Each structure stands twice: as structure tokens, then as C-alpha cells.
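Starting off, we have a lone chain in the form deposited in one PDB entry, written out as C-alpha cells.
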């Protein structure tokens, strides 16, 4: 009732305001932003808004005692690929977004390759106690089949000892013992479970079955050369609390100090992750890079351990179970970010005359496309950080697909063709239509999983936009035609209605 309805509608529609809410956040107990999710209150600082959706980056932030990952001697993968020490950034989960291995032009895309572990020349880290020694990289999956997945684990458990927890972790201003209660000295995250070969194999992340580095080696001395990669990974000992993409980001937040580092080598912090909505698998990625297409990028396979592969972010209907999650995902994303599913049978709009809705102004349109196609192109035209992708993106974060003669809530939605409309305007309301579907740049692109929005967002269309009925009539918003006073007639009620 009254003005509260407009306020309630705006609060709901806020979740689609991507430039405003897809922010670069850091965890900070002195932060001005806060939110209680369940029993836990999170505190954070918003350094910047409008983080790139297609590719999102911010300056690497290291608030640990040693701050190794902000050191000039620390290698960050984006230094090479992007030209600066960037961490993957973007507060909203990006549904459907997968890092695909491609050729330099983007063709021959592989969208499952990422599941293979990285080859960053890290493992083995030390072989001091071994009979023989080996260089970092010797235990890792061959470069020729390198993926983007972080190493399955490191050492028996994290924190490996008292000093690690008390010096490296508890002093880190982004670390919190309550949020990270699954990786503490009293409750360590186990890779090789010695409390139950004199142990049971698990992992810091993932559910198992992936090609990873040979953590064991052939000898009875675990971790010593020689190695026989790839080793098939196992899953986490306890993954039950990871119930969604935000919980998956917590795993990343809390496991930074579980990884090795030495001067000149890769420094791992604030890692992005892939969450699988269907299985609940949370997989950490070892690289912050999201796009690489320069002339020096490697195409699909190489032996050169110093090169970086060609990759592009991609979305397909089949990838709609996957979620690209940054370490700094906002805990209020359900109300501040778009949902996974597209919106069936609605059109993006802005408010007109207080309680009606008019369609937004299309900045561009694509003819004879599918719904999947429309969502895919929206993503590509959204936004991007880095210095080179500005030529591709346009700032489009919302799209309306209009089927030629299919109801997009039905089975025909999958194959239906029609016209895609792209917008740069922040939507304020929705208009119902049988033949339409609404996408955002953060949405999955499978039209068959589309859902209804909350009805609070849906208003009747203002069909009386630019209709002047004169002094003897008023435009009926239900029909978009003038209703004339008695004794008057005509389309604009300016002719006298004569009687026989």
C-alpha cells in the first residue's frame, strides 16, 4: 500500500544493479560495510564499484604479517598475462562463467580442461629430507595438459603447526578464526589424515577424480622423488557446510596460508574458485587470470613451462551448473546480485508514472538468435578490467530476448529463435510477456532453467507513453487508447460525437 510498495520494489530490483553491487571488496573488521548471514556478521570495505563482469580484477591485497603476495619478488600470474599484480575480483557470483582453453582466436574451446591442476613450478616445494632432490614442477601434471585447478593439498594438514596458525594466519587482517573454524590449530583442514599407509588421503578442496600433482612419489617417504603424475585427486574430508557459492568463497578466504611460497615463485592468495550447483563441489583455481589472447599465449598444448595458455571466459547452457566465484564474494549476494536463472516471460523496464513500467532503450540488438545466444553475447558485451578488452565490451548488463512465436516458459524455449535487445540502463521494473526472457551478464544462459521473478517487480505496461488525449479524454493504460468524455470522440478526443 502506498509509497512503501515503490520502496519495496526498488529494494528487490536492487539485486539487478550490477555496476553498483558487483564491487571490489576486501575483508576488514574496521570496514564500514557489514551484513549478518545466519549467525555470522561479516565486515568489509568496498574499494571500488563496477568491477568487470566478463573479466574482473583488482590490485592484489595482502594484509598478512609478511605480505609476501604484495612483494616485488612475488610472482602473480596476472603480472604476465595482464601486466599488473591483479587478483580476480567481483563481489557477485558469476553463474555459468567457465575459463575455457582456446586457440588465440577463441575457436576450439575446451570447457572442462580447467579441472586439471596447474603447472606453476611449485611442487615439490622441498626435498631436504629425501634421498634425492628435484626442482619445483617435477611432481606436477605435465604442462601439455595443464588446467586452472589449484593443487589438491600441501603437507599433512593446514595449519601444519602452531607457528603457522599463530604467526601467519591469526595475524592476517582478512583471516577470522570463527569464519575459518575449519582450518585452525584446534580444528585443522586435513590433506593426509594421520589420525586415521599411516593415513587417509583427502584434499583441501574438490570432490576427487581430477588430474593433480603426485604428492606421494614412488618411495615410502611421502613427497620424495621420483614422481608419476598425474595423480588422481581425492575429495575433502568434510564438504557438508559448503552449501552455495558464497560458502565456496569462504574456503578460498581461509586457505591462503595453506600453500607454500618462496622468493621468486608464485604467491597464492585470494584465489578464485568454481562451484558446481549440482554436486556442491568447490574447486579452487590457482590462477587469477580470466582472459589471455595475446600473440605469446600458448594454444591448447605446450611443453614450455614458462608460457601461459590462451583462455577466454565462456558461458553455455550446459555450463549453467557452474559458478565463477571470487574470494571476495559479498555475503548478501542473494539480495544484491542476480540469481543463477534467467527470468522467463518478463521484459526489463523502468518505472513510468509511478506504478507502471516501460521498456528500456535498447543500445543494440541481435536478430535471428537463440535465447542461449542472447545470454552469451550479453556476457561478452558486459564489462572487463585490464587494458585490452575495452574494444569488446560495451557496458551491457541486461538483455531482453523476444521469441518470434514461442512462449519462453514452455518446452519450445530451448530452440526458439528471435531478437535480442541489449541495455546499459539500470532496470527498475519488469513487464510480463508470453514470448520474452530476461538475462543479466551474471546469469546462466540455459533458457530451460528460467524462473519467475518476485511479482513485486512486475508492473502493468504503460501503453500511454507519448499519448495526449487532450482536454476531453484520458488514456486508458490497459489498452493504450484514449477514452473520451461524453459527447466527444476520435483517437485524441477532439471531434464532437454526433447523434443520429
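Residue numbers count along the first chain shown, from 1.
The next section is about a form of this same protein that is not shown, the form solved in complex with a partner chain.
Candidate spot 130, 192 and 259, all three touching its partner chain in the deposited complex (heavy atom, 4.5 Å): Yes, each of 130, 192 and 259 comes within 4.5 Å of its partner chain in the deposited complex.
Candidate from 164, 138, 145, 393 lying within 4.5 Å of its partner chain in the deposited complex - any heavy atom: After the contact test, the surviving option is 164.
One residue of 363, 221, 355, 103 in contact with its partner chain, assessed in the deposited complex (non-hydrogen atom, 4.5 angstroms): Among 363, 221, 355, 103, a heavy atom within 4.5 Å of its partner chain in the deposited complex occurs only for 221.
Partner proximity in the deposited complex: residue 160 to its partner chain, non-hydrogen atom cutoff 4.5 Å: The answer is yes: residue 160 has a heavy atom within 4.5 Å of its partner chain.
Distance check, residue 156 to its partner chain in the deposited complex, heavy atom within 4.5 Å: Contact check for residue 156: yes, within 4.5 Å of its partner chain in the deposited complex.
Residue contact check: residue 168 to its partner chain in the deposited complex, 4.5 Å heavy atom: Yes, residue 168 is a contact residue.
Close approach of residue 340 to its partner chain in the deposited complex, 4.5 Å, heavy atom: No, residue 340 sits far enough from its partner chain in the deposited complex that none of its heavy atoms falls within 4.5 Å.
Candidate stretches 120-128, 78-86, 284-292, 306-314, one within 4.5 Å of its partner chain in the deposited complex by heavy atom: Contact-bearing stretch, as computed: 120-128.
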